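So you can see what is in the structure, the chains are spelled out below.
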Amino acid sequence: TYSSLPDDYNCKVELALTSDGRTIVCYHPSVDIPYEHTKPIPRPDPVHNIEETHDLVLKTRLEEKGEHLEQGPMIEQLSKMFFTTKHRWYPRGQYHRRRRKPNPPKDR
Amino acid sequence: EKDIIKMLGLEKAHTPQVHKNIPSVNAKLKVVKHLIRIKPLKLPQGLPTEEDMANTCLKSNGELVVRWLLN
Amino acid sequence: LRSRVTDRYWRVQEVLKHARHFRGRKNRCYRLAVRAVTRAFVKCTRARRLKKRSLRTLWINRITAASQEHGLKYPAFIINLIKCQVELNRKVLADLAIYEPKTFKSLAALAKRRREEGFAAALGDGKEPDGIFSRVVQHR
Amino acid sequence: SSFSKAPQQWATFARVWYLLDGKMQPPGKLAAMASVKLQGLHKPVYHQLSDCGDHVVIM
Amino acid sequence: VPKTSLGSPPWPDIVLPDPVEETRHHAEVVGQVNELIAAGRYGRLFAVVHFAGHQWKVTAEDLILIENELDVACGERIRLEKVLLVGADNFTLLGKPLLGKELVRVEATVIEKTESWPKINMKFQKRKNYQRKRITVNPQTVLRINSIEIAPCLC
Amino acid sequence: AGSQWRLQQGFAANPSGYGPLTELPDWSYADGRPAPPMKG
Amino acid sequence: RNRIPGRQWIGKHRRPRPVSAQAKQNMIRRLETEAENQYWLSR
Amino acid sequence: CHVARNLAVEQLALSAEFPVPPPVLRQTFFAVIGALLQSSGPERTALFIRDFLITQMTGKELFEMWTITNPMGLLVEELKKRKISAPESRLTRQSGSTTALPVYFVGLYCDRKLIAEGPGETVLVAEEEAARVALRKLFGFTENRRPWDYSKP
Amino acid sequence: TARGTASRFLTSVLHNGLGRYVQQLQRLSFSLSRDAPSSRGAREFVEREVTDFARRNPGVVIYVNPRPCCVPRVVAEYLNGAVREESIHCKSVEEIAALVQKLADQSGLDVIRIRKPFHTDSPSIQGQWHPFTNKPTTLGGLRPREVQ
Ligand SMILES: [Mg+2]
Ligand SMILES: [Mg+2]
Ligand SMILES: [Mg+2]
């Protein structure tokens, strides 16, 4: 039992050399994550907008949520939420919007 | 020195050339000894005959092998 | 015999067709377009020359990334892969690093093992003791 | 290995949060590996044009 | 024994396995890989192959583009001999520095022998009235790699 | 890199030098008949 | 703040650019090569 | 229709409305297939089918044209068929839970044995991807499977 | 110039060469003249090598049209629907044969910059690198500073 690299991450590498000496083989089966190294899936299900009087209005109580902000505050919120700068969210002019490729090439 | 390098047949760098060990060429080798690497030609298997001219090679250690890539 | 040029439209168009994506008056005025097109072609040649170097540096950076991901430095990894007579260039090594994590880990393990083999040989300074992966095979 | 295109893309280009203790540590040696992580030079999928970059929290 | 900061080297000590044990373990591993190849538990393979001066990572049903013209007609099958690396999900064969022709066989069919797009090479020198424009069209050859085979002839 | 090690071992400083990576024919027909020889 | 008078590598006062360990090692390697050359050029 | 148009069946097909709507193109292509079956052997027609229709599956996934709706459900019925009790979904790895772009890895454990794993933006999507991966592994359609055999028996 | 012209990836039509090879050249229409001095090469190619080429390649329909024209042309139409028109004006028979062989060997795809000299479907055999493919798992999946 000897290995240059630890067998703790994704595969178990075992190196060997052919008796002829011109070929190197390496048997490296995948390593599965054992059960003791996992945690259960959190599930969050809570409906606080339900009303015993009118569930028809209670259903819309969870869907009537809306909000509108100015350009500055909206860009600041987006930058804070995505951990970027404020200059990425500003629009671009006609010269740059016209020169974009309509049908970019795609691989795979 | 440019002329000595030209007359020694060393225009292309990193390309070996075979020369005699006579003082006539040794004088020019001494003249331009700061621009060239010089090794002794080694013949472990002897001089190549006329039947081994197309199967010869020059290993980088300074020797000339006459039987190269046998089949 | 008065001789005038009639294909001047096509002569101008052959130059203007390469400058239609430029910014400003360089895409319209011919006097400003010939200089812009010539510099564009010169830059194209220079960048074609530099593309090999840039992609080689990118491959080296990726090989590093995948190597210190295995706790091995790039120079040691490369020299110990060469010592094992494994002649895989940087492009192929980067391809393996990106798409073959297990194969790249096997290569890293082989390079490391060669490194400790060389270190043990240097420490011992004995002609008889030779490592398993340090044996040199000739051409056949 | 046999993932769909979108989940494979998300797994490949997912962002990672690293922790770095700064007690009795030199700023140069801390911030060198910090800069490596912020650039993404620890990823074999790294590219200058790509947005491959990870978060680092130094305490 | 005195234990100082510089008394011991700043790296963990390395112990190598015994030579006979290493040879026996190598024999066991190579026999296991040979049994895997013979029984055919391998699904798909990739191979690093030297061709036309470059090294290509190629799997089955692949397309590669070569920048020079080959002396073959279209639709012809060609056996690539210089195989540097073979790999599958569970094993991988490394050559020193090449694999065996009897051990690995890779075949590719020639699809298209075409010409490159016009590449512009222009040299220009400042205030010397020196311009030099050339257009290069390079014959290319497209190869579709169909299958990669490995034989259990591996001691 | 790795030029000094190759020179000590006897191989060329460049893997392209007289090695099997370049001397051998890099392709052949599927039938097994030899390919036309290489200009280099 | 710190100015180099005249041009950088011409005037009486030049840049104090020093010699490096890499340069020293390169010179020693070239000297060893030339010593081997003049040894082979002896007999 | 793509195969016929690239094989120039559309140009040779005698029909009005030169666009040749896809029912007409499909009918003409399959009429050509039937003519080949009548003229040559069934083995030759099978070879032609394998060469000109199965090659369109190269690089494609299974669910891309299967389009199933309940991957976890079909996985549990498949495990019931294969005499496996039930898979348990467990969060294996994750990076960020309060960020705008969380990534989660969900694995499936049958008898505390990991059979598959899947990444996702949210936990539900990761679980669905893990179920899809387990289903593909069970059905044998995997990225590391044997490539199709294109030979002459 | 890459930024000035279009670009495409290394592709093949109908996955050609996988099951069987199909010659992508569908038809070749030569237009020449019998009295024009420029059509000499086209005429002599028609006399000498058009029959041999037709016998060698039976999958291409060859049309030849003499007409009062000054610029001899060749129209190659491929299975892709692509039409490539070349000028065979004042070219020797060797050059015309070379051009015809090149047209036959071409696949009919656009002659533009190919982004990559290679094209594989599913290169992620054995897995693809993701940041978690080389990090060890901790007991219980705990965070670095999370206490259970
Ligand atoms: Mg060059
Ligand atoms: Mg000054
Ligand atoms: Mg000065």
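Numbering of residues starts from 1 on every chain and follows the order in which that chain's sequence is written, so it may differ from the entry's own numbering; residues lacking coordinates are left out. A letter from A marks each chain and a number from 1 marks each ligand, given out in the order of writing. What you see is a piece of a larger assembly; the numbers all apply to this piece alone. Side-chain descriptors were evaluated using all non-hydrogen atoms of the structure, hydrogens and water having been removed beforehand. Residues with missing side-chain atoms are left out of burial classes, side-chain pairs and their counts.

- Structure determination for this PDB entry is given in the record as cryo-EM, at a resolution of 3.4 Å.

## A short note on the interface of chain H and chain I
Now for step 1: Note on contacts: a residue pair is in contact if any heavy atoms of the two residues lie within 4.5 Å. Every contact between the two is made by 25 residues of chain H and, on the other side, 21 residues of chain I.
Now for step 2: Take the accessible area each of two parts loses on contact, using a 1.4 Å probe, and add the two losses: that sum is the buried area. Roughly 1900 Å² of surface becomes buried between chain H and chain I when both sides are summed, with 59% attributable to carbon and sulfur atoms.
Now for step 3: A pairing counts as a salt bridge when a side-chain nitrogen of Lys or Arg comes within 4 Å of a carboxyl oxygen of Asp or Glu. If you look at where chain H meets chain I, you find one salt bridge.
Now for step 4: Between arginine 20 of chain I and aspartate 51 of chain H there is a salt bridge, with its nearest N and O atoms 2.8 Å apart.
Now for step 5: We call two N or O atoms a polar contact when they sit within 3.5 Å, provided that within protein one can donate a hydrogen and the other can accept it, with sequence-adjacent residues counted only if both atoms are side-chain atoms. Across the contact surface, chain H and chain I share four residue pairs in polar contact.
Now for step 6: The secondary structure listing takes helices from DSSP runs of H or I that are at least 4 residues long and strands from runs of E that are at least 2 residues long, numbered from the N terminus. Secondary structure elements with two or more residues in the side of chain H that touches chain I: α1 (2-6), α4 (42-52), β1 (88-95) and β2 (103-110) of chain H.
Now for step 7: Broken down by element, the residue count for the side of chain H that touches chain I peaks at five residues, all from α4 of chain H.
Now for step 8: Each residue gets one of three labels, nonpolar for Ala, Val, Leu, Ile, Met, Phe, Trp, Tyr, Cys and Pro, charged for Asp, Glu, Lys and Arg, and polar for the others, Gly among them. Of the residues that constitute the side of chain H that touches chain I, the class distribution is nine nonpolar, eleven polar and five charged.

## Concerning the interface of chain E and chain C
Now for step 1: Taken together, the contact pairs 25 residues of chain E with 30 residues of chain C.
Now for step 2: Roughly 2400 Å² is buried in total at the junction of chain E and chain C, and carbon and sulfur atoms are behind 66% of that figure.
Now for step 3: Between the two partners, chain E and chain C, sit three salt bridges.
Now for step 4: In this structure, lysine 102 of chain C and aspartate 89 of chain E form a salt bridge, with 3.2 Å as the shortest nitrogen-oxygen distance.
Now for step 5: Seen at the junction of chain E and chain C, the total is seven residue pairs in polar contact.
Now for step 6: At the level of elements, α1 (19-39), β1 (46-51), β2 (54-59), β5 (83-87), β6 (92-95), β8 (119-125) and β9 (130-136) of chain E are the ones that each hand at least two residues to the side of chain E that touches chain C.
Now for step 7: Per element, the largest residue contribution to the side of chain E that touches chain C is five residues, and it comes from β8 of chain E.
Now for step 8: Taken together, the residues of the side of chain E that touches chain C break down into twelve nonpolar, seven polar and six charged.

## Some details on the packing of helix α1 (residues 8-16) of chain C against helix α2 (residues 30-68) of chain C
All names here are of chain C.
Now for step 1: Contact geometry of α1 with α2 gives a least axis separation of 9 Å together with a crossing angle of 45°. In terms of axis orientation, α1 runs oblique to α2. Judged by the twist between their axes, the crossing of α1 over α2 is left-handed. Where α1 approaches α2, its residues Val12, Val15 and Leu16 are matched on the opposing element by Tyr30, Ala33, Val34 and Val37.
Now for step 2: Looking at side-chain class alone, the contact of α1 with α2 contains seven nonpolar, no polar and no charged residues. Helix axes are fitted to C-alpha atoms over the stretch in contact, other axes to C-alpha atoms as well, and angles between N-to-C directions run from 0 to 180 degrees. Each angle gets one of four labels, with under 35 degrees taken as roughly parallel, over 145 as roughly antiparallel, 65 to 115 as roughly perpendicular, and the rest as oblique. Left-handed describes a crossing whose near helix is turned anticlockwise from the far helix by less than a right angle; the clockwise case is right-handed.

## Re a negative patch on the surface
Residues and elements named next belong to chain I.
Now for step 1: Like-charged residues within 9 Å of one another, or nonpolar side chains (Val, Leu, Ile, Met, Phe, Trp, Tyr) within 5 Å, are grouped into patches, provided each residue has over 30% relative accessible area and no salt bridge. In these tables, accessible area is a Shrake-Rupley quantity obtained with a 1.4 Å probe, and a residue counts as shielded only by the protein chains included in the view. Positive charges come from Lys and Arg alone, negative charges from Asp and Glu alone, with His and the N- and C-terminal ends not counted. A single reference atom marks each charge: NZ on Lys, CZ on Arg, CG on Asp, CD on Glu. The grouping of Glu44, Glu47, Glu94 and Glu95 at the surface amounts to a negative patch.
Now for step 2: Contributing elements (two or more residues each) for the negative patch: α1 (40-48) and α3 (93-105).
Now for step 3: Positionally, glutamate 95 belongs in helix α3.
Now for step 4: Exposure remark for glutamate 95: the relative accessible area of 40% places this residue in the partly exposed category. Relative accessibility thresholds used throughout: buried, under 20% of the residue-type maximum; exposed, over 50%; partly exposed, between the two (1.4 Å probe, protein chains only).

## Some remarks on unusual backbone geometry
Now for step 1: In this chain, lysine 96 of chain E is followed by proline 97 of chain E through a cis amide linkage whose omega measures -5°.
Now for step 2: Of note, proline 97 of chain E is situated in the loop between β6 and β7 (104-115).
Now for step 3: Even without being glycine, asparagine 71 of chain B reaches a positive phi, approximately 55°.
Now for step 4: The phi dihedral of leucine 14 of chain I is positive, around 55°, even though this residue is not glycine.
Now for step 5: Structurally, the position occupied by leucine 14 of chain I is in the loop between β1 (7-8) and β2 (25-32).
Now for step 6: Assessed through its relative accessible area of 12%, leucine 14 of chain I is described here as buried.

## Comments concerning helix α5 (residues 101-124) of chain C
Now for step 1: In a helix, the anticipated span is given by 1.5 Å times the number of residues less one. Here α5 of chain C spans 34 Å end to end across 24 residues, near enough to the 34 Å set by a 1.5 Å rise per residue.
Now for step 2: Following α5 of chain C by one or two positions, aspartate 125 of chain C has its phi on the positive side, about 55°.

## Looking at the packing of aromatic side chains
Now for step 1: Aromatic pairs are defined between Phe, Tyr and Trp rings, using the six-membered ring for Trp, whenever the two ring centres lie within 6.5 Å; interplanar angles under 30 degrees are classed as stacked, those over 60 as edge-to-face, and all others as tilted. Scanning the entire structure with this criterion turns up 14 aromatic pairs over all chains.
Now for step 2: When the centroid spacing of 5.7 Å and the interplanar angle of 75° are considered together, the rings of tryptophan 68 of chain B and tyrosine 18 of chain F count as edge-to-face. Taken together, the residues span two chains, with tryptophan 68 of chain B in the segment after β2 (64-65) and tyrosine 18 of chain F in the loop between α1 (3-9) and α2 (20-23). Each of the two residues, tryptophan 68 of chain B as well as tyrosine 18 of chain F, counts as buried.
Now for step 3: Put simply, the rings of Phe63, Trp66 and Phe139 of chain H pair up and form one aromatic cluster.

## Focus on the arrangement of the chains
Now for step 1: Chain D shows no contact with chain G. Their nearest C-alpha atoms sit 24 Å apart.
Now for step 2: A gap remains between chain F and chain G, which never touch, and the nearest two C-alpha atoms on either side lie 13 Å apart.

## With respect to the side chain of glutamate 10 of chain H
Now for step 1: Considering the arrangement of structural elements, one finds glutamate 10 of chain H in helix α2 (residues 9-12).
Now for step 2: If we skip the residues at most four places from it in the chain, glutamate 10 of chain H touches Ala4, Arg5, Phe18, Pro19, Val20 and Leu25 of chain H.

## Overview of the sheet that holds strand β4 (residues 73-78) of chain I
Residues and elements named next belong to chain I.
Now for step 1: The criterion for strand pairing is that DSSP finds at least two bridges linking the strands in question. The four strands lie next to each other as β3-β2-β4-β5, forming an open sheet whose pairing is mixed. Edge positions in the open sheet fall to β3 (61-66) and β5 (83-87), since each of these has one partner strand only. Across the sheet, the mean angle separating the axes of adjacent strands is 15° when strand polarity is ignored.
Now for step 2: Pairing analysis gives six bridges linking β2 to β4, with the strands arranged antiparallel. Residue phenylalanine 30 lies in a different strand from β4, and its bridge partner there is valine 74.
Now for step 3: Contacts from α3 reach β2, β4 and β5, with the element oriented near 150° to β2.

## Remarks on the sheet that holds β5 of chain E
Now for step 1: Ordered in space as β1(A)-β2(A)-β6(E)-β5(E)-β1(E)-β2(E), the six strands form an open sheet in which the pairing is antiparallel. With partners counted over all chains shown, the strands left at the sheet margins are β1 (14-17) of chain A together with β2 of chain E, one partner each. In this sheet, adjacent strand axes meet at a mean angle of 20° when their direction is disregarded.
Now for step 2: Summarising the sheet, β5 of chain E and β6 of chain E pair through three bridges and their orientation is antiparallel. Of the residues in β6 of chain E, the one forming a bridge with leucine 85 of chain E is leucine 94 of chain E.
Now for step 3: Sheet strands in contact with α1 of chain E are β1 and β2 (23-27) of chain A, and its direction is about 95° off that of β1 of chain A.

## Focus: a nonpolar patch on the surface
Now for step 1: Taken together, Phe83 of chain A together with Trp17, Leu19, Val57 and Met59 of chain D make up a surface patch of nonpolar side chains, about 440 Å² in accessible area.
Now for step 2: Secondary-structure assignment places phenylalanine 83 of chain A in the loop between α2 (71-82) and α3 (94-98).
Now for step 3: In this structure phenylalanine 83 of chain A comes out as partly exposed when scored by relative accessible area, which is 42%.

## So, a positive patch on the surface
Now for step 1: On the surface, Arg49, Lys51, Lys52 and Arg53 of chain C together with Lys123 and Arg134 of chain E cluster together into a patch of positive charge.
Now for step 2: A per-element tally of the positive patch places α2 of chain C first, with four residues.
Now for step 3: With respect to the helices and strands, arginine 49 of chain C occurs in helix α2.
Now for step 4: Of the residues examined, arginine 49 of chain C reaches a relative accessible area of 60% and is grouped as exposed.

## Digging into the packing of helix α3 (residues 74-83) of chain C against α5 of chain C
Residue and element names in this part refer to chain C.
Now for step 1: In the contact formed by α3 and α5, the axes pass within 8 Å of each other and the chain directions differ by 85°. For the element pair α3 / α5, the angle class is roughly perpendicular. Between α3 and α5, the residues in contact are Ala76, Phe77, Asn80, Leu81 and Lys83 and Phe104, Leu107, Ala108, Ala111, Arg114 and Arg115, respectively.
Now for step 2: In terms of residue class, the contact of α3 with α5 is built from seven nonpolar, one polar and three charged.

## A short note on the UniProt feature "domain: DRBM" (unreviewed entry) in chain H
Now for step 1: UniProt positions are given in the numbering used here, feature names are shortened, and annotations may be inferred rather than shown by experiment. As annotated by UniProt and renumbered to match this structure, "domain: DRBM" (unreviewed entry) occupies residues 70-140 of chain H.
Now for step 2: A helix fraction of 39% and a strand fraction of 34% characterise residues 70-140 of chain H, whose end C-alpha atoms lie 19 Å from each other.

## Remarks on the side chain of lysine 105 of chain C
Now for step 1: Along the chain, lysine 105 of chain C turns up in helix α5.
Now for step 2: Buried within the structure, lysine 105 of chain C lacks any salt-bridge partner; its nearest side chain of opposite charge belongs to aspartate 7 of chain A, at an N-O separation of 4.7 Å.

## Description of α1 of chain I
Residues and elements named next belong to chain I.
Now for step 1: By the burial criterion, the buried members of α1 are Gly41, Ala42 and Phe45. The buried side chains of α1 occupy one side of the element, clustering within an arc of 100° when seen end-on. The exposed residues of α1 that point more than 90 degrees off its buried face are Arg40 and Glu47.
Now for step 2: Each element contacted by the buried residues of α1 is listed here: β2, α2 (50-56) and α3. Read the arc as the range of directions from the helix axis to the C-beta atoms.

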